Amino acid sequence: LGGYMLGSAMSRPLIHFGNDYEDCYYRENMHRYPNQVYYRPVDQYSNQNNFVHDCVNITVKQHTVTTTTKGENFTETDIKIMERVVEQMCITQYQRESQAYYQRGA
């Protein structure tokens, strides 16, 4: 987190969880999951999936560390829900970044 960008706070999708329990737990604790993602500049990534994997791994790391040093915890359900919450945000980000970067103008 020093060669890392912090993308904007963005409007969250209500993610779909097939698992009703997961849905419920997500809805019940929704404000615990990240609002912004961290990521490396798009030019460093051949595709979307290299970018998304990286943005997910960095974002969950950052967010878990922040939480754990405050003395709080995530359950296994919390983790599954978060990787999917963060995943959809990272995709969004890739599309923004990847286009803004490929845009030719001029």
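Numbers follow the displayed sequence, beginning with 1.
- Stretch comparison (62-70 versus 40-48) by mean CA B-factor in the PDB entry places 40-48 on top.
- The stretch 53-61 shows the higher mean C-alpha B-factor when 53-61 is compared against 23-31 in the entry.
- In this PDB entry, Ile15 carries a Cα temperature factor that places it within the middle third of its chain's modelled residues.
- Ranked against the other modelled residues of its chain, the C-alpha B-factor of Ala9 as given in the entry falls in the highest third.
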